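Participant: My questions all concern the structure below.
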Amino acid sequence: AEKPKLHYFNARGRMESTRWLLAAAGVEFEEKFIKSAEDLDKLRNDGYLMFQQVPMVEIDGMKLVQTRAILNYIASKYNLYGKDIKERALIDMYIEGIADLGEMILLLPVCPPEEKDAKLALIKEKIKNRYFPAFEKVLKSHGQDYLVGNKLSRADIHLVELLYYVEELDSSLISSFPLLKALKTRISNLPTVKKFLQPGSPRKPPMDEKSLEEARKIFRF
C-alpha cells in the first residue's frame with residue numbers, strides 16, 4: 001500500500017510527534033524535506049496544503065494537514081487510540097495536556113530575549129506543579145505499565161516523547177516522579193521505540209542556534 005510521506009522542514013518542529021507515533025507503530029514512512037521558500041511555495045501553489053502550512057502527510061489517498069488531524073488518523077488506523085469512546089476521552093484529555101505543555105516548550109526558542117527567563121521559569125513551574133503531578137497520579141491510580149487500558153496507546157508515546165524534551169530542558173524536573181521515570185524506561189525499551197531512539201532513525205535533533213537563524217530568514221518567521 002501507499003507508504004506515508006511526511007512533508008516538513010528537516011527539523012523536529014510540528015512533525016516530530018508524528019515521526020514518533022509512526023515509528024512506535026512500526027510503520028514505514030518516507031520524508032520529503034522543505035529546504036527553501038521555493039519548496040514551500042510549490043506545495044502551496046500546487047494546492048496540496050489546505051491552509052498553506054505544513055506539516056502535511058500523504059496517507060491513504062489523503063493530503064492531510066493539521067498536526068492533530070494527522071495524529072488522530074494514524075492513532076486510529078494502528079489501534080493506538082483506545083478501544084471505545086470513553087477510553088478516547090481519557091486519551092484525548094491526557095494528550096491535550098501534553099500538547100499544551102509541549103506547545104510552551106516548542107515556542108521557547110522564538111521567545112523575545114527579554115521574556116525568555118520568565119517564560120522558562122513558568123514552564124518549569126507548570127511541569128513540577130501541574131503536569132507531572134497529574135500524570136504521576138494517573139500512573140499511581142492503576143499502577144499499570146500503560147496510561148490507558150493496560151495497553152500501549154498514543155498517550156504513552158506522546159508523553160514519553162515530551163519526557164525526553166523535559167530532560168533536555170532540565171534533567172532534575174522528573175526527579176521526584178518515579179512512575180514517570182519508570183514509564184520512560186519501559187516505553188523506550190519497546191522494540192520499535194528502541195530502534196527509533198538509536199542513531200540513524202528519522203528522529204530529529206534539537207534546534208541549534210545556527211540552524212534556527214538560517215531557516216528564520218529563509219522562511220520569514
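Lettering and numbering for the C-alpha cells are positional, with chains as A, B, ... in the shown order, residues counted from 1 in each chain, and ligands counted from 1 in the shown order.
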Write out, as a tab-separated table, each residue of stretch 132-201 of chain A that has an atom at most 9 Å from stretch 98-118 of chain A, together with the closest pair of atoms and their distance in Å to one decimal, counting only C-alpha atoms, rows going by chain and rising number.
Facilitator:
residue	atom	partner	partner_atom	distance
A:155	CA	A:98	CA	8.6
A:158	CA	A:98	CA	7.2
A:159	CA	A:98	CA	6.5
A:162	CA	A:102	CA	6.6
A:165	CA	A:105	CA	8.1
A:166	CA	A:105	CA	8.4
A:169	CA	A:105	CA	8.7
Participant: Find the spatial neighbours of stretch 194-198 of chain A, counting only C-alpha atoms, within a cut-off of 12 Å - ignore same-chain residues fewer than 6 positions away - and output them as a list in words.
Facilitator: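 Neighbouring residues, sequence-local ones excluded: residues 16, 19, 20, 21, 22, 23, 24, 25, 26, 27, 28, 157, 160, 161, 164, 184, 185, 186, 187, 188, 204 and 205 of chain A.
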Participant: Taking the DSSP assignment computed from this structure's backbone, write out as number ranges by chain all residues of stretch 108-214 of chain A that belong to alpha helix (DSSP H).
Facilitator: A: 116-126, 132-142, 154-169, 178-189, 191-197, 209-214
Participant: Based on the selection just made, write C-alpha atoms of those residues as a CSV table (one decimal), in the first residue's frame.
Facilitator:
chain,number,residue,atom,x,y,z
A,116,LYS,CA,12.9,34.3,27.9
A,117,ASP,CA,13.9,33.8,31.5
A,118,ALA,CA,10.3,34.4,32.8
A,119,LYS,CA,8.8,32.0,30.2
A,120,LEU,CA,11.3,29.3,31.2
A,121,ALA,CA,10.6,29.7,34.9
A,122,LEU,CA,6.8,29.4,34.2
A,123,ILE,CA,7.3,26.3,32.1
A,124,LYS,CA,9.3,24.6,34.9
A,125,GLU,CA,6.7,25.7,37.5
A,126,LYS,CA,3.8,24.1,35.5
A,132,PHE,CA,4.0,15.9,36.0
A,133,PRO,CA,1.9,15.5,39.2
A,134,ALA,CA,-1.2,14.9,37.0
A,135,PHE,CA,0.4,12.1,35.0
A,136,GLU,CA,2.1,10.6,38.1
A,137,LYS,CA,-1.3,10.5,39.7
A,138,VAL,CA,-2.8,8.6,36.7
A,139,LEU,CA,0.0,6.0,36.8
A,140,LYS,CA,-0.3,5.6,40.5
A,141,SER,CA,-4.0,5.2,40.4
A,142,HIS,CA,-4.0,2.0,38.4
A,154,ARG,CA,-0.6,7.2,21.7
A,155,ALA,CA,-0.8,8.7,25.2
A,156,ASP,CA,2.2,6.7,26.3
A,157,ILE,CA,4.1,7.7,23.1
A,158,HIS,CA,3.3,11.4,23.3
A,159,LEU,CA,4.1,11.5,27.0
A,160,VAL,CA,7.5,9.8,26.7
A,161,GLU,CA,8.4,12.0,23.8
A,162,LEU,CA,7.7,15.0,26.0
A,163,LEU,CA,9.7,13.5,28.8
A,164,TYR,CA,12.8,13.4,26.6
A,165,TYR,CA,12.2,17.1,25.8
A,166,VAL,CA,11.8,17.9,29.5
A,167,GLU,CA,15.1,16.1,30.2
A,168,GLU,CA,16.8,18.3,27.6
A,169,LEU,CA,15.4,21.4,29.4
A,178,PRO,CA,9.4,7.8,40.0
A,179,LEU,CA,6.4,6.5,38.0
A,180,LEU,CA,7.1,8.8,35.1
A,181,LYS,CA,10.8,7.7,35.1
A,182,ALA,CA,9.7,4.1,35.0
A,183,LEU,CA,7.3,4.8,32.1
A,184,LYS,CA,10.1,6.5,30.1
A,185,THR,CA,12.3,3.4,30.6
A,186,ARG,CA,9.7,0.8,29.7
A,187,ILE,CA,8.4,2.7,26.6
A,188,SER,CA,11.9,3.4,25.5
A,189,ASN,CA,12.6,-0.4,25.5
A,191,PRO,CA,11.5,-2.7,20.1
A,192,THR,CA,10.0,-0.1,17.7
A,193,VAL,CA,10.8,2.8,20.1
A,194,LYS,CA,14.2,1.4,21.0
A,195,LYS,CA,15.1,1.5,17.3
A,196,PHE,CA,13.7,5.0,16.8
A,197,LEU,CA,15.9,6.2,19.7
A,209,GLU,CA,21.1,28.5,17.1
A,210,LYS,CA,22.9,28.2,13.7
A,211,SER,CA,20.1,26.2,12.1
A,212,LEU,CA,17.3,28.4,13.7
A,213,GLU,CA,18.7,31.7,12.4
A,214,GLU,CA,19.1,30.2,9.0
Participant: From a DSSP calculation on the backbone, collect every residue of stretch 36-209 of chain A in strand (DSSP E or B) and output the set as a PyMOL selection string.
Facilitator: chain A and resi 56-59+62-65
Participant: With C-alpha atoms retained, write the just-selected residues as a PDB file, in the first residue's frame.
Facilitator:
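Dumped everything to part_0.pdb:
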ATOM      1  CA  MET A  56       1.452  17.680   5.501  1.00  0.00           C
ATOM      2  CA  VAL A  57       1.262  13.881   5.397  1.00  0.00           C
ATOM      3  CA  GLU A  58       0.232  11.901   2.329  1.00  0.00           C
ATOM      4  CA  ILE A  59      -1.529   8.796   3.641  1.00  0.00           C
ATOM      5  CA  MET A  62      -5.269  11.972   1.549  1.00  0.00           C
ATOM      6  CA  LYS A  63      -3.083  15.082   1.741  1.00  0.00           C
ATOM      7  CA  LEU A  64      -3.649  15.690   5.453  1.00  0.00           C
ATOM      8  CA  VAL A  65      -2.613  18.894   7.223  1.00  0.00           C
TER       9      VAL A  65
END
Participant: So which residues touch residue A:148 within 8 Å, counting only C-alpha atoms, skipping near sequence neighbours fewer than 4 positions away, as a ChimeraX atom specification?
Facilitator: /A:82,87,90-91,152-153,155
Participant: Quick one: pull the distance between atom CA of residue A:30 and atom CA of residue A:206, Å, one decimal.
Facilitator: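 We find that atom CA of residue A:30 and atom CA of residue A:206 lie 20.4 Å from each other.
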Participant: Can you measure atom CA of residue A:207 to atom CA of residue A:13 for me? One decimal in Å is fine.
Facilitator: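 Pair atom CA of residue A:207 / atom CA of residue A:13 returns 8.6 Å.
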Participant: Counting only C-alpha atoms, what is within 9 Å of stretch 33-50 of chain A, bar same-chain residues fewer than 3 positions away, as a VMD selection string?
Facilitator: chain A and resid 6 to 11 53 to 56 63 to 65 215 218 to 220
